[PDB]
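Student: missing the sequence, but the structure's below:
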Ligand SMILES: *[C@@H]1O[C@H](CO)[C@@H](O[C@@H]2O[C@H](CO)[C@@H](O[C@@H]3O[C@H](CO)[C@@H](O)[C@H](O)[C@@H]3O)[C@H](O)[C@H]2NC(C)=O)[C@H](O)[C@H]1NC(C)=O
Ligand SMILES: *[C@@H]1O[C@H](CO)[C@@H](O)[C@H](O)[C@H]1NC(C)=O
Ligand SMILES: *[C@@H]1O[C@H](CO)[C@@H](O)[C@H](O)[C@H]1NC(C)=O
Ligand SMILES: *[C@@H]1O[C@H](CO)[C@@H](O)[C@H](O)[C@H]1NC(C)=O
C-alpha cells in the first residue's frame, strides 16, 4: 500500500501561479500513472490531468489544457501541479491519487483506488 | 520509434497508441477505444475457455481385488482415454488460441496503421519505418484531431503542396 | 450510405451489393459471383459439422442393484465423462466457428472494396464512408463495367483530370 | 459377512453354533460418491471444492 | 463529452436493507464503470471496476452489474459505514466526468 | 494409512471388501445402536467370549 502526502500553500491571490506538491512514500514512478482530482465545495468530482511513467505520457483536460502543466522528477520523487491565471472558480480540495489498478497488463485509464487526505485551498481577497 | 522496429516501453496506458512530436511538446499517447475493444475481447475469450468448463462431483480412485482384474483393466483404460483426450484437446486448443491472439493483435496494429494512412494519404510523407512526417507544420490540436479522426485535407493542402515543391 | 455506417435492408438479392447513383436512374444491385461463392462454402461448413456426427445403435441407461454399487458408480462416471467432453468441445467449436464465419464475411467485404478502388484508381474521390464519388460523368455502362471489372482507365482519364483541375 | 437392509425388512439369524452375533448395528444414509483416499498428510480446517 | 446522470438523487434506508443505485449514461460505455463512495471530508475509495468485479479490500456485500446505457449497484446488507455518498464514473474517453452523486441517510 | 496397523484383531477373510468400502465412502447420517441387547437377548448363551 502506497502512502500519499500533499503539501499546499493554503491561500492564493487572484491571477498568479498556483503550485501544489504531492509526495508518495513506499512507491515509485514506475508502471503506474498519477493524476489530479479536484472537487468544488458541495459539487461533484472532475479530473484535471494525469501524468504517467516518467514524463512520457501527459493527458490534460480539454477545458484546462492551456492552464495546467504537469511536471515530474523521480529523483526527488514528487509530482506537482502548475496552474496559471487562477480564478475564483478554482477554489477546490485538491486530491492527488495513483492509477494503481490494472487488468491483463494494462493500467485501466482514470480508475483511482488510493488517494491523499486532501489539501484545501481558497481563492479570495 | 516504429512498430516494425520494436515496441515502446514508456507508455503503459494502453496496448495501442501514438507518439506525437511538436514544437509545443513531445510525448506519448494511447488509443483508449482500440485498446478497450481488444481488452474486452481477450477477457471474453479467456472467460469462455475457463467458464465453459463445468465439473461435477466424481470419484476417480477405485479399488478392485485380484479376482476382478478385468474391471481394473477397464478402469485403467477409461482413465487413460479421458486423460489422453483432455491433454490433446487442451494443448492443441491453447496453441491455436495463442496464435489467434498474436494474429489479432498484429491485425489491430495493421488496421490502426491503415486508418492513419488513409487519413494522411498525401499530407504527410511516409518514412516507411512507421513514422508519418508532416510536410505541413501544425500544432497539437492538429495531431489530436488526427487522433480524433476529424483531420481534414483542404485546410493544410496548399502548404503541404508548397512543401512538396520545396523538397 | 456505407458499410462502416451500417447495412442496407433494401437489397434482398444477395449478401453483398452495389448502390449506383446516376442522372438517368438509381437503384440497388448485387454482386452474384461473390455472394454465390460464399453460400456454397458455409453450406459445406454447416453440413460438415452436422454430417460428420456418426451414430451406432446404443443403449445408455443401465441398471444395477445394491451389490453392484461400484459398477453403477463406474457407469455414472463414464457417462458424465462423455457428456462433459461432448458439451465442452461442441460449445468451443460453435464459438470459434461463429467468430470465423463473421470474420470471413467482413474479410470478403474488405476484399471487394479494394477491387473497386483498384479498377477506379484516382478517377474518383473516396468519401471515406465506403462510397466512391466519380469526378468524371459516368453512365450506366461504366457502372456495370465496374461491376463487370471491365472498366477501362484511359478512356475517362482526361475528363477526370479536367475535373480534378476544376476542383 | 455383511448385508444391507431396506426399511421394512426383517433379518433372521438361526444357528446351533459357530456364530458371531451382531452386538451393534449401524443405520446409515446413502452418499453416492466420494471414495476413499490414502494419505499421511495433516488435517486442516479449510474448505476446498 | 459522455454526459453522466444518476437516479435516484436522494435515498434513505435503514440498516440491513437492499438498495439499488442506477447511474445512467448518455452513450454506450460498454462495460467500463468505476464506483466510488466518499465519506464527508475523507478520500473516496474504489468499489467496483468494469461494472462486474470487486476490488480487493472491499467487503463482498457490494455487488454491481449491468450493460449498455443502464447499470445498477446492489448492496445486500447496508451497515453504518455504508451511509456515505456514492459516485458513478465512466472511463472510455476524455473528459472522464463523474456522476452528480447519490446521498444515503438513516430513515 | 498405506498399511493399516489394526485392520482386524482376529485373522480371517472379509466378504466384499471393496463393495462395503464404496457403500461406506459417504454417509450423511450415521449412528451406532444395538440391534440386540448384550445380555438380555441371550439368556442361555454365555456372551463372554
Ligand atoms: C494395532 O497395531 C499396533 C501397531 O502395529 C499393534 O501394536 C504392536 O504390534 C506389533 C506387531 O504385531 C507387536 O509386536 C509383536 O510382539 C510380540 C511379542 O511377543 C512378538 O512375538 C511378535 O513377533 C511381534 O513382534 C507389538 O507387541 C504390539 N504392541 C503392543 C500390543 O503393545 C497392536 O497390537 C495392534 N492391535 C490390534 C488389536 O491389532
Ligand atoms: C472530436 O470529434 C468529436 C466527434 O467527431 C467532435 O464532437 C469534437 O468536437 C472533436 N474535437 C475536436 C477538438 O475537434
Ligand atoms: C463483361 O466481361 C466479360 C468478360 O470480361 C465480357 O465478355 C463482356 O463483354 C463484358 N460485358 C460488357 C457489357 O462489356
Ligand atoms: C433356554 O432354555 C430354557 C430351558 O430349556 C428354555 O425354556 C428357553 O426357551 C431357552 N431360551 C432360549 C432363548 O433358547
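Tutor: Perfect, thanks for sending it. Numbering: from 1, shown residues only, chains lettered A, B, ... in the order given. Ligands and ions are numbered 1, 2, ... in the order given.
Student: burial of the closest residue to chain F within chain B, as a residue count?
Tutor: Chain F sits closest to residue B:63 of chain B, with a gap of 4.7 Å, by C-beta to the nearest C-beta. Every residue, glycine included, has its C-beta placed from N, CA and C. By other C-beta atoms under 10 Å in any protein chain shown, 16 other residues sit near residue B:63.
Student: which ones are touching the closest residue to it other than its chain neighbours?
Tutor: Of all residues not flanking residue B:63 in the chain, residue F:18 sits nearest, at 4.7 Å (C-beta to C-beta, 6 or more residues apart in numbering or on different chains). Counting by C-beta atoms under 8 Å, 6 or more residues apart in numbering or on different chains, residue F:18 makes contact with B:63-65, B:68, C:70.
Student: buried ones in stretch A:60-69?
Tutor: Going by neighbour count (16 or more other C-beta atoms under 10 Å in any protein chain shown), the buried part of stretch A:60-69 is A:60-61, A:64, A:67-68.
Student: what separation do you get for whichever residue of chain D sits closest to ligand 3 and residue C:48?
Tutor: Nearest residue of chain D to ligand 3: residue D:49, at 66.7 Å (C-beta to the nearest ligand atom). Distance, residue D:49 to residue C:48, using C-beta to C-beta, to the nearest Å: 38 Å.
Student: same question, residue B:32
Tutor: Going from residue B:32 to residue C:48 by C-beta to C-beta gives 41 Å.
Student: compare those two (neighbour count), which wins?
Tutor: Between residue B:32 and residue C:48, counting by other C-beta under 10 Å, residue B:32 is the more crowded of the two (21 against 10).
Student: excluding its backbone neighbours, what's nearest that one?
Tutor: residue A:109 (5.6 Å).
Student: wouldn't the one you found be in contact with residue E:90 here?
Tutor: No - with contact defined as C-beta atoms under 8 Å, residue A:109 does not count as touching residue E:90 (10.4 Å).
Student: for the two, list the residues in contact with both.
Tutor: residue E:96.
Student: now do the helix or strand harbouring residue E:87: everything it contacts.
Tutor: Following DSSP states H and E, the helix or strand that holds residue E:87 is strand E:85-89. The contact list for strand E:85-89 (C-beta under 8 Å, 6+ apart) reads A:44-45, A:110-111, E:4, E:6, E:21, E:23, E:33-38, E:40, E:44, E:47, E:71, E:73, E:96-99, E:101-104.
Student: and the helices in chain F?
Tutor: Taking DSSP state H as the criterion, chain F contains helices spanning F:17-23.
Student: all strands for it, in order.
Tutor: F:30-33 (DSSP state E).
Student: any idea which residue of it lies closest to chain B?
Tutor: Closest point on chain F to chain B, by C-beta to the nearest C-beta, is residue F:18, at 4.7 Å.
Student: residue B:71: neighbour count?
Tutor: 16.
Student: residues contacting the residue lying closest to it once chain neighbours are set aside?
Tutor: Nearest-residue entry for residue B:71: residue B:64, 5.0 Å, with adjacent residues in sequence omitted and distances by C-beta to C-beta, 6+ apart. Contacts for residue B:64 were tallied using C-beta under 8 Å, 6+ apart; they are B:71-72, B:75, C:70, F:18.
Student: again, only using 7 Å
Tutor: For residue B:64, the contacting residues are B:71-72, F:18, by C-beta atoms under 7 Å, 6 or more residues apart in numbering or on different chains.
Student: separation between it and residue E:67?
Tutor: 53 Å.
Student: can you check residue B:104 too?
Tutor: 23 Å.
Student: now do residue E:107
Tutor: Residue E:107 is 33 Å from residue E:67, where distance means C-beta to C-beta.
Student: just the strands in chain A please.
Tutor: In chain A, the segments counted as strands under DSSP E are A:3-7, A:18-25, A:33-39, A:46-52, A:57-60, A:68-73, A:78-83, A:92-99, A:102-103, A:106-107, A:114-115, A:119-121.
Student: how about chain D: which residue is closest to chain A?
Tutor: residue D:49 (25.3 Å).
Student: specify the local secondary structure of that residue.
Tutor: Under DSSP: H, G, I helix; E, B strand; the rest coil, the three-state class of residue D:49 is coil.
Student: adding distance to residue B:89, write the strands of chain A out as a markdown table.
Tutor: A markdown table is the format used below for those (distance: least, C-beta to C-beta, whole Å):
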| stretch | distance to residue B:89 |
| --- | --- |
| strand A:3-7 | 49 |
| strand A:18-25 | 48 |
| strand A:33-39 | 41 |
| strand A:46-52 | 41 |
| strand A:57-60 | 42 |
| strand A:68-73 | 50 |
| strand A:78-83 | 50 |
| strand A:92-99 | 40 |
| strand A:102-103 | 28 |
| strand A:106-107 | 30 |
| strand A:114-115 | 43 |
| strand A:119-121 | 58 |
